[PDB]
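# Whatever this is, show me its structure:
(2 chains, ligands or ions: 2)
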Amino acid sequence: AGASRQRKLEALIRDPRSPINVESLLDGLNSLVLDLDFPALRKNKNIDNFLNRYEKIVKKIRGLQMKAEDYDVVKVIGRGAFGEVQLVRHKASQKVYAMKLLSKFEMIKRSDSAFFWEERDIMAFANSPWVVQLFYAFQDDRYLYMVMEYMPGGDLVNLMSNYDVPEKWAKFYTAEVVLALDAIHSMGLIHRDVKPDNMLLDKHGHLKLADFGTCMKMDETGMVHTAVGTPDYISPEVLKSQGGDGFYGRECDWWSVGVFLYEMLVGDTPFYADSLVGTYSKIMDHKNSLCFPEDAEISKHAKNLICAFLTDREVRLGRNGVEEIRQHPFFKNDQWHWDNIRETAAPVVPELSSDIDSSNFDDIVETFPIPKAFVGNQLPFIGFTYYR
Amino acid sequence: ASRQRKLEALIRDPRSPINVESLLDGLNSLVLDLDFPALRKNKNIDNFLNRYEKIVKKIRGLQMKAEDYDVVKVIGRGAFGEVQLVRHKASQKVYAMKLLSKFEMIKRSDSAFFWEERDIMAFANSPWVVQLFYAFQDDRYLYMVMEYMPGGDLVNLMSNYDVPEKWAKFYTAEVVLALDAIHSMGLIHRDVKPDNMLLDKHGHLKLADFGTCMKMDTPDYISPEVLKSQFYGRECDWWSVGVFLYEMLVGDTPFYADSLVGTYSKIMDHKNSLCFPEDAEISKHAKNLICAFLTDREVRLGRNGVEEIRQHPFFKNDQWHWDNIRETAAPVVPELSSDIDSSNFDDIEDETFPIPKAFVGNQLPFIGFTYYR
Ligand SMILES: O=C1Cc2cc(-c3ccnc4[nH]ccc34)ccc2CCN1c1ccccc1
Ligand SMILES: O=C1Cc2cc(-c3ccnc4[nH]ccc34)ccc2CCN1c1ccccc1
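Numbers count the residues shown, from 1 in each chain, chains lettered A, B, ... in the order given. Ligands and ions are numbered 1, 2, ... in the order given. And now the structure:
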């Protein structure tokens, strides 16, 4: 039926996961007008007349759609790959959010301009208390923006520097990391950058993972095909794949949990060295180079858990699913079960003096040229806008 | 939230340039204008096309297209295209479908005439205007799917009947109301002639070919003010009604001539050159009405609205009033053998854009054309 073809078509456009939803279609139109509205290109009558037709309505859309001017920048709370995270207050609602900015220019120039799709999608659609929630994604000519729930507790780096961390606490945060990662892994995704910087504490001292900009979608075999920042938390299979064309899967996140628990209990990274090259070399030689210092206050079970994660991938814990991790005797405790850990009293419940208190965080351009012909610099970002 | 309410309201509106169909045209037209092997040397373009290849192909398959309609016969030809009698395959319903060449319009068309043509037929909601059911497009052509008018045109009627005054009264009155409806929408036809007056299944009139409409703020039927301008208003349509009525009652055009230059010269000399031949038996009122339309623009009947036209004694009759004319028995009731009978229409006899090196945007002037009822 002709009516059924129109039913099907409407169903694609109503779906919030769809590439041709209304927001994506509006990005389509906006991005086209941005890419065309340059006096040189307007020598083409097709382009000139089209812009004259859509001048009014695009100005009208631009005004109504969500934009940077809707938010007051309170403070920059972190810097990263293609931009920054700023603590913001939405002007009209007076509600506080974390807002991550990514430079379009820098992404085009450094050629790393599709990681943001999975970063957006996971935060938008996880519906998991272990994943930072995305409320809005929007864009202007210069930047992509992700408005996310603010995590006033700070990161595990900050926690480790302020508390000598007892094993009982280490057990708690590790357990939350495990469930967090299992939730991500059950969505078919690998984090690939599990480190204390990206483990954030909410207003009640409970963990969520953040920075989903190195997320890859796993294939039907559990594997993924790109770059890396700092090496301390990266698994040895990930290091060999960068030079070669090797594969790796979810086990690379489980390595990092081993590294995390060593950091927490010992106070240092297991493969610490002064240079990056030193660290890289120690990680490749993990069979020899892993060594618990004789002064470290650590249980036999905690050593056994760290040692089970810090092996070659083929014998590593977390290949055969999360259940073998959960049953490890290290995790035996009086305080929580796996089904309820996140609804128990956290070790450190942050004490905050206002809704913009960022005291658990440490204190802290160039554009496209006016092009001679059509280049389509906005085309990679059509579909980014998301209004929940 | 109020800003999101307002924005959604613009998108729901079928008159809006950013309705869903227009937004889909936006996406389709962008993909057509970009998807060329040369342009895909740009990674921005290549990657964008890779993201939207599948879903656009899927949309194209779902959306209405030429292959949905079976072409029965070409029933007319014109400026940048043609009108074909078609049957929609799935519904089995018969329609008149106008095609317009995108290439030829880009090449030779100085104005985007199709917008007003589409809008009038889409949104008039008048029994005097041909209704548009669907408008759609492919890479080569715009398509307007309209109600089929099986009764033929008034040219066809005049060639097959001696038209008595009682009939002329009826058709002229229907032309009047038709034009009044157009004029009430803020539009001038600029091409009122019997070729563009069509008869429905019941022998009642509607106007057609709204491709020369301008929004207000062949030479036989052209008014003298239109000739000298190469500004003007609605009275140029009313001239042509005068010409129409003379043609029906006499059997010849009032300013007929051998050349075009002769016709043009006779039209400019309408004060002298208008002359009722002594063997044609015309009434005093019919002469009075023809003479009232065929004047200089400033004193022409229809300047001060439709009302002076309606009260003219010519239109006094026993068969119909102005409020019910379209509900009365037409003079010539079409005798049709089927839903594709085109026997009241004469038979008819019988290039693309180059593959560009860089972006030209040949599909951009047609974003927004799609309309689904
Ligand atoms: O994405 C991140 C992780 C992150 C998260 C937060 C944060 C703090 C409190 N609540 C929050 N809610 C959501 C994020 C968040 C603050 C700083 C960083 C630093 C690095 N980084 C990054 C990566 C690439 C470009 C720019 C920045
Ligand atoms: O638009 C028209 C008017 C028209 C209408 C019909 C017709 C016949 C029966 N039912 C109908 N319903 C709607 C139109 C219609 C048949 C032929 C012509 C010839 C000229 N022409 C034109 C002008 C420019 C380009 C292409 C064509």
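
# Up against ligand 1, what does the stretch 151-300 of chain A have?
Residues of the stretch 151-300 of chain A lying close to ligand 1 (C-beta under 6 Å from any ligand atom) are A:151, A:198, A:200, A:210, A:211, A:213. For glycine as for every other residue, the C-beta is placed from the backbone atoms N, C-alpha and C.

# Switch those over to CSV; also include secondary structure, distance to residue A:364 and neighbour count.
As requested, these are exported to CSV (DSSP: H, G, I helix; E, B strand; the rest coil; distance: C-beta to C-beta, whole Å; neighbours: other C-beta atoms under 10 Å in any protein chain shown):
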residue, secondary structure, distance to residue A:364, neighbour count
A:151, coil, 16, 22
A:198, helix, 17, 21
A:200, strand, 16, 25
A:210, coil, 16, 23
A:211, coil, 16, 21
A:213, coil, 19, 20
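
# Can you redo the residues you listed as JSON lines, where the extra columns are distance to residue A:20?
Converted to JSON lines, these look like this (distance: C-beta to C-beta, whole Å):
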{"residue": "A:151", "distance to residue A:20": "33"}
{"residue": "A:198", "distance to residue A:20": "32"}
{"residue": "A:200", "distance to residue A:20": "34"}
{"residue": "A:210", "distance to residue A:20": "29"}
{"residue": "A:211", "distance to residue A:20": "29"}
{"residue": "A:213", "distance to residue A:20": "25"}
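
# What is the neighbour count of the nearest residue to residue A:262 once chain neighbours are set aside?
Closest residue to residue A:262 apart from its sequence neighbours, by C-beta to C-beta, 6 or more residues apart in numbering or on different chains: residue A:270 at 4.4 Å. Using other C-beta atoms under 10 Å in any protein chain shown, residue A:270 has 22 other residues around it.

# what does the stretch 251-388 of chain A put close to chain B?
A:373, A:374, A:375, A:376, A:377, A:379, A:380, A:382, A:383, A:387 (C-beta under 8 Å from any C-beta of the partner chain).

# Sticking with the first one, tell me its helix or strand.
Secondary structure assigned from DSSP states H and E places residue A:373 in neither a helix nor a strand.

# Distance check, residue A:116 against ligand 2.
Between residue A:116 and ligand 2 the distance is 48 Å, computed by C-beta to the nearest ligand atom, to the nearest Å.

# from the chain's centre, how far out does the helix or strand encompassing that residue sit?
Counting by DSSP H and E, the element that carries residue A:116 is helix A:115-125. Computed by C-alpha atoms, centre = their mean, to the nearest Å, the chain-centroid distance of helix A:115-125 equals 8 Å.

# The helix or strand following that helix - which strands sit beside it in the sheet, and in what orientation?
Beyond helix A:115-125 in the direction of the C-terminus, DSSP H and E gives the next helix or strand as strand A:134-139. If you go by DSSP bridges, strand A:134-139 pairs up with strand A:143-148 (antiparallel), strand A:386-387 (antiparallel).

# Kindly present the ones you listed as CSV, with separate columns for mean neighbour count.
Below are the strands paired with strand A:134-139 laid out as CSV (neighbours: other C-beta atoms under 10 Å in any protein chain shown):
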stretch, mean neighbour count
strand A:143-148, 23
strand A:386-387, 18
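
# of all these, which lies closest to ligand 2?
When those are compared by C-beta to the nearest ligand atom, strand A:386-387 sits nearest ligand 2, at 42.4 Å.

# related to what we said a few turns ago, any chance of TSV for the strands paired with strand A:134-139, columns distance to ligand 2?
Below are the strands paired with strand A:134-139 laid out as TSV (distance: least, C-beta to the nearest ligand atom, whole Å):
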stretch	distance to ligand 2
strand A:143-148	46
strand A:386-387	42
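
# Identify the residues contacting the helix or strand hosting residue A:161?
Residue A:161 belongs to helix A:156-162 when assigned by DSSP H and E. Here helix A:156-162 makes contact (C-beta atoms under 8 Å, 6 or more residues apart in numbering or on different chains) with A:165, A:173, A:196-197, A:199, A:201, A:207, A:260, A:263-264, A:267, A:348, A:360-362.

# about what we covered before: which residues touch the helix holding residue A:116?
A:17, A:102, A:107, A:131-134, A:137, A:144, A:146, A:148, A:184, A:187, A:189, A:211-217, A:383-384, A:386, A:388.

# cool, and stretch A:14-23?
Counting by C-beta under 8 Å, 6+ apart, A:12-13, A:24, A:125, A:383, A:385-387, B:11, B:20, B:23-24, B:27, B:51-52, B:55, B:59 sit against stretch A:14-23.

# Mind listing what's buried along that stretch?
A:18, A:19, A:20, A:21, A:22, A:23 (16 or more other C-beta atoms under 10 Å in any protein chain shown).

# mind listing which of those are in strands?
Using DSSP state E, the subset of the buried residues of stretch A:14-23 located in strands is empty.
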